[PDB]
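Input: a single structure, listed below in structure tokens.
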Amino acid sequence: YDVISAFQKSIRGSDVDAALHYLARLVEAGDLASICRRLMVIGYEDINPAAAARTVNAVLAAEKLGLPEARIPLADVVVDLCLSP
Amino acid sequence: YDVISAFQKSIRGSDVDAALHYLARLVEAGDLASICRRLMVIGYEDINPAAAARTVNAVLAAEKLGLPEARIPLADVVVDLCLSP
Amino acid sequence: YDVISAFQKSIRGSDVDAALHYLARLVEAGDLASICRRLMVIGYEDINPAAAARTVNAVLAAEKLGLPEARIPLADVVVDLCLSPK
Amino acid sequence: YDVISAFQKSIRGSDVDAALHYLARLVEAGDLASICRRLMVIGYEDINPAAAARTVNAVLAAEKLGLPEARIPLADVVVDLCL
């Protein structure tokens, strides 16, 4: 058990509410790199090729914005990846 | 009251004419970074996930071109985001 | 008259053959940055938002490949932009 | 004959299994840049314009992640391009 793996599991399980609970904690802890890395693996490994591609746009946006505003593209992507096939 | 904020409200309000009025002014002033930052936030927050992703491409184009030609992709995504859901 | 403006005009006029005629010459001359800048301006100015956004992907691919191989993404996009609605 | 061109040929021939077999070997060898180069060329030369663009995103993810985990977007693109 750690937060970043449970984040991933909740996204694999299509659980928006849990994924965003964990996202908020990851954001507040402030390591943007590992969120970004994780979301790209999930987008490519677990998920819809337009959705996979879009995870990269959202990560570039998160990286250009930086924390705290990075939470906006990331929240979007999390829900995107949760509702996806 | 602030130009960059009024720019943001214009786009949320779906007002192309006013959004473009403010863009031309942010452009004249040379603050490429704040335009780009605001567009990505609006794209991911207020908005059509393809439209969200496409703000990143536009911003990349803007950054690679630099001002003054950056106004071109920027005006394009301003209109796109205005007319979007 | 220069070739890069004539290249731009051909794409505006949806003329695949002329645009590829010019691209090949621009590719041979080898100023990749100038070709990339112009395609992004054409993509966002003259063109279909998905097609405008794809010019960025192709330019990124062209920069990663470098010349001579950059001509592959570049040709694909000149065609994409030629056919695309305006 | 070499692995990389054989890799390309099997993607050009729509052979998912062989392409994945070559990828795993290219991954084992540790040279990401070469995989990335070939993928972009196939996607642009042999191929949807959306499938072409989308290979650049996969490549960006691959470079951002590095190997070993870069194998994840790369496998996705190989399959994507095979079909």
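Per chain, numbering begins at 1; letters A, B, ... match sequence-line order.
- By the 4.5 Å heavy-atom criterion applied to side chains, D80(C) and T55(C) are not counted as neighbours.
- Salt bridge status for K86(C) with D46(C): absent, with no side-chain N to carboxylate O gap under 4.0 Å.
- Two residues are said to be in side-chain contact when any heavy atoms from C-beta on lie closer than 4.5 Å; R54(C) and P49(D) meet this criterion.
- Going from atom CD of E63(A) over to atom SG of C36(A) covers 5.0 Å, rounded to the nearest 0.5 Å.
- Nearest heavy-atom pair, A70(B) versus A62(B), reported as atom, atom and distance to 0.1 Å: CB-O, 3.3 Å.
- Listed here is the closest heavy atom pair of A58(D) and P73(D): O-CB, 3.6 Å.
- Taking 4.5 Å as the limit, every side-chain heavy atom of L83(C) sits out of range of all side-chain heavy atoms of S14(C).
- Going from atom CD1 of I47(A) over to atom OG of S84(A) covers 5.0 Å, rounded to the nearest 0.5 Å.
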Stepwise side-chain contact (heavy atoms from CB on, under 4.5 Å) check, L23(B) with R71(B): CA-CA 8 Å; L23(B) 178 67; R71(B) 73 197 152 74; 5.6 Å; no

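- In terms of hydrophobic clustering, with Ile, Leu, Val, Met, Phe, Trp and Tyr side chains grouped at heavy-atom distances under 4.5 Å, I35(D) and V16(D) are assigned to a common cluster.
- Remark: the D15(B) side chain and the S10(B) side chain contain no N/O donor-acceptor pair separated by less than 3.5 Å.
- Neither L74(B) nor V41(C) shares a network with the other; the hydrophobic side chains, linked directly or stepwise wherever heavy atoms of I, L, V, M, F, W or Y lie under 4.5 Å apart, form separate groups for each.
- Under the 4.0 Å criterion applied to side-chain N and carboxylate O atoms, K64(A) and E69(A) are not assigned as salt-bridge partners.
- Transitive grouping of hydrophobic side chains (ILVMFWY, heavy atoms separated by less than 4.5 Å) keeps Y44(B) and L81(A) in distinct clusters.
- There is no side-chain donor-acceptor pair under 3.5 Å between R38(D) and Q8(D).
- By the 4.5 Å heavy-atom criterion applied to side chains, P68(D) and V27(D) are not counted as neighbours.
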side-chain contact (heavy atoms from CB on, under 4.5 Å) between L26(B) and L32(B), intermediate numbers included: CA-CA 7 Å; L26(B) 291 158; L32(B) 184 60; over 6 Å; no

Verdict with supporting geometry, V78(D) and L39(D), side-chain contact (heavy atoms from CB on, under 4.5 Å): CA-CA 8 Å; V78(D) 169; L39(D) 286 175; 4.0 Å; yes

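- Distance check, rounded to the nearest 0.5 Å: CD1 of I42(D) to CZ of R37(D) gives 12.0 Å.
- Each of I72(D) and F7(A) belongs to its own hydrophobic cluster when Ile, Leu, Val, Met, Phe, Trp and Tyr are linked at side-chain heavy-atom distances under 4.5 angstrom.
- Once rounded to the nearest 0.5 Å, the distance linking CD of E28(A) with CG of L67(A) reads 10.0 Å.
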Test side-chain contact (heavy atoms from CB on, under 4.5 Å) applied to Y22(A) and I11(A), step by step: CA-CA 10 Å; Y22(A) 285 120; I11(A) 301 188; over 6 Å; no

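- Grouping the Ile, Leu, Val, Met, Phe, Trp and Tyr side chains by contacts below 4.5 angstrom, directly or via other members, places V77(A) apart from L60(D).
- Rounded to the nearest 0.5 angstrom, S5(D) OG and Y1(D) OH are separated by 8.0 Å.
- Side-chain contact between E45(C) and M40(C) is absent, with no heavy atoms from C-beta onward closer than 4.5 Å.
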